[PDB]
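Coming up is one lone chain in structure tokens, specifically the form deposited without its partner chain.
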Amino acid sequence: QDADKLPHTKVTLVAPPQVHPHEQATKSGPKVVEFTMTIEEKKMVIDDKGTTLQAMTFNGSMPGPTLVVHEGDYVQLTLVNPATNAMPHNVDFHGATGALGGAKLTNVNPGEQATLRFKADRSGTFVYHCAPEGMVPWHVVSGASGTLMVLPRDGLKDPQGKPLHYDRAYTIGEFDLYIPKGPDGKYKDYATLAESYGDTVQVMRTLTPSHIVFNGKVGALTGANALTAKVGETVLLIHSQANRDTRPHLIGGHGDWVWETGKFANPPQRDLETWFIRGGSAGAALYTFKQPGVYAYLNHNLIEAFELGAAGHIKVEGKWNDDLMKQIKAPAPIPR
């Protein structure tokens, strides 16, 4: 399977929370799958009170888009750092072997680009992130991470080897942010990326985030921007956290089959109320919806979710099933 001789294809990446089209089980043999990504430095609004962040993102989103291949395929990435950026960047893929995950071979300054190829020989969801020498934590907490999903060639399996399949996949990236506050107790605003550095590092050292958000901002996946599904659909929820632990939960649901450490050759666990994604990794859960209504998907440290921002919504269409749950007596006066 020399690589140079296998066929090559090109994927067109989409923005979170969707994932690009792909097949679960494939008949095909190894390919070289080609992708391109641009780093974008930009100032973004992260809450509803106008707080800003001097951010660093892959393709302009938080998280960066999810890339999907099959086990045995070769990933061939072109990383582009445009001249309007001010800093150098690179990429570390946790799914790759050697060279600090690719970081040593992808150091690009503003105005440069580079291309790397690596064999994706282990299946699972894996984090990728920016990692420049001496500036690692700051480039990651500023937004630069995302997920690489490597499917087993024959699709996902339960513990006895039976096939599992999903109808839809969503990708959630969770970000712990360290926004400095001034003498007045109001969040600071910075003219450039470099100006933010000094103060940010000071908040970082306290280990206490100011905000924790899904996909870029408080409320990113709530109300009008809720994820959607229907009764009877099976959804794959991919959740990444490149720096800090989190504990996802679906209020009104469960994780039917969950790979919390995110590595598909291991058997999944079933019926979980709440699962655990270790900082520096991505995990995955399947759930088949049985009841319609609004569901909340969140980090079940409820202060982190409701005070700091780690909460989203899934709106589901269908018909109520009164056997699973039914109101016998609505709220009413106690009997006197």
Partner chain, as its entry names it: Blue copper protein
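Positions refer to the first chain, counted from 1.
Although it is not shown, the form deposited with its partner chain bound is what the next lines describe.
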My question is simply whether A226 lines the interface with its partner chain in the entry with it bound - judged by any non-hydrogen atom within 4.5 Å. no
How about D158 - does it come within 4.5 Å of its partner chain in the entry with it bound, if we only consider non-hydrogen atoms? no
Looking in the entry with it bound, any heavy atom of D154 within 4.5 Å of its partner chain? no
Report yes if any heavy atom of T222 sits within 4.5 Å of a heavy atom of its partner chain in the entry with it bound; otherwise report no. no
Pick out the residues of 195-214 whose heavy atoms come within 4.5 Å of its partner chain in the entry with it bound. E195, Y197
